[PDB]
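Take a look at the structure below.
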Amino acid sequence: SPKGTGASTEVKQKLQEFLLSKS
Amino acid sequence: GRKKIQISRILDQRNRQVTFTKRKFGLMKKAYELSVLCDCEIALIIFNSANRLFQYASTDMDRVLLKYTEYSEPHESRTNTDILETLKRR
Amino acid sequence: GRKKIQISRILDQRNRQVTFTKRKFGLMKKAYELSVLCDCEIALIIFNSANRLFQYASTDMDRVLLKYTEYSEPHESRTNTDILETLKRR
DNA sequence: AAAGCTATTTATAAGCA
DNA sequence: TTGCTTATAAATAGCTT
């Protein structure tokens, strides 16, 4: 039963700039 | 389940917490299955009232979310309503 | 199902396509249920071999993923590798 | 790849250990 | 909670065609 850290630290960054500009 | 239950915010906070845990697992289980059976990548993101984040990834959330930056055109998107809707319609 | 099936890449491309569609739906169905039952937000991202994107969102996909990006605290994060084991137990 | 139809396998509300 | 146990409700593999 393994938990863990946030999913990513960098990718999350790239994902965001995208989501926002998607507007 | 030993008795049929409608789908609406479980009131008893005790039972609404036992169920969240039980199902959340089953959901991820099926995700995982669909993932292996049909050889496809899947990301699953859950958020509870307390905004506690829960997630799954057939391999790595990194790959998928990143791989979702390129092909952003959803050949199929659904809202809670589509499902609710498509539930009666058929 | 009328017969028990192991979980491994369905070989017959015909059957591996009939199953993807059937399950994908059920998965989203449960997502939706978990969503309403336990009042929580969920994003579901699927990618098939042909990289065709399929997705679901209890309400809005952009919202969930955003909230996600700005989420640095820790949380539950599973995989199939993980899930497989958690299953090898019960 | 498309719809129904069981026969069965799963998933799980309640129980109660 | 902290779980395991077990009737029922559900999901669905494999057939028609």
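Chains as they are written, first to last, in the deposited numbering: chain X, 103 to 125; chain P, 2 to 91; chain Q, 2 to 91.
Each residue gets a CB set at the ideal place from its N, CA and C atoms; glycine is no exception.
> Do you know offhand how far Q:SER50's Cα is from P:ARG15's?
Replying inline: Computed Cα separation, rounded: 41 Å.
> Does the beta carbon of P:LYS25 sit closer than 9 Å to a beta carbon anywhere in chain Q?
Replying inline: Chain Q places a beta carbon closer than 9 Å to that of P:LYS25, counting this residue as a contact.
>> If you reduce the DSSP assignment to three classes, tell me which class P:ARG64 lands in.
In response: In the structure shown, P:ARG64 sits in a helix (DSSP, three-state: H, G or I).
> So what does Q:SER78 bridge to, in DSSP terms?
Replying inline: Looking at the DSSP assignment, Q:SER78 forms a beta bridge with P:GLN56.
> Is it true that the CB of Q:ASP61 sits closer than 9 Å to the CB of P:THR80?
Replying inline: The answer is yes: Cβ separation under 9 Å.
> Taking all protein chains shown into account, do 16 or more other C-beta atoms lie within 10 angstroms of the C-beta of Q:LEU66, making it buried, or fewer, making it exposed?
Replying inline: Around the beta carbon of Q:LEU66, 16 or more other beta carbons sit within 10 angstroms, so the residue counts as buried.
> Around the Cβ of P:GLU74, are there at least 16 other Cβ atoms within 10 angstroms (buried) or fewer (exposed)?
Replying inline: Of the residues assessed, P:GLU74 falls on the exposed side of the cut-off, its CB having fewer than 16 other CB atoms within 10 angstroms.
>> Give me the chain X residues within the contact set of P:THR70, using Cβ-Cβ distance strictly less than 8 Å, ordered along the chain.
In response: What P:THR70 touches in chain X: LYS116, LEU117 and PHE120.
>> Does chain Q have any CB closer than 9 Å to the CB of X:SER123?
In response: With 9 Å as the cut-off, X:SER123 does not count as an interface residue toward chain Q.
>> Does P:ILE84 come out as helix, strand or coil in the three-state DSSP assignment?
In response: In the structure shown, P:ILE84 sits in a helix (DSSP, three-state: H, G or I).
> Taking 8 Å as the cut-off, does the CB of Q:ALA32 come closer than this to any heavy atom belonging to the ligand NAD?
Replying inline: No copy of the ligand NAD occurs in the structure displayed, which carries no ligand at all.
> For Q:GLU86, which residues in chain P fall below 9 Å Cβ to Cβ?
Replying inline: Correct list: empty, because the minimum Cβ distance to chain P is about 11 Å.
> If you count every other CB in all the chains shown that lies within 10 Å of the CB of Q:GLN18, and 16 or more means buried, which is it?
Replying inline: By the 16-neighbour rule on beta-carbons within 10 angstroms, Q:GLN18 is exposed.
> Which of helix, strand or coil does DSSP assign to P:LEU12?
Replying inline: Correct three-state label for P:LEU12: coil.
>> Residues of the stretch 59–83 of chain P in Cβ contact with chain X at a cutoff of 7 Å, in chain order, please.
In response: Taking 7 Å as the upper bound on Cβ-Cβ separation, chain X lies near residues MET62, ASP63, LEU66, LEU67 and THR70 of the stretch 59–83 of chain P.
>> Checking the sheet assignment: what are the DSSP bridge partners for P:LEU45?
In response: DSSP lists P:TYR57 and Q:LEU45 as the bridge partner or partners of P:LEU45.
>> Can you give me the C-alpha to C-alpha distance between P:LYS89 and P:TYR69, rounded to a whole angstrom?
In response: Spanning the two alpha carbons is a distance of roughly 31 Å.
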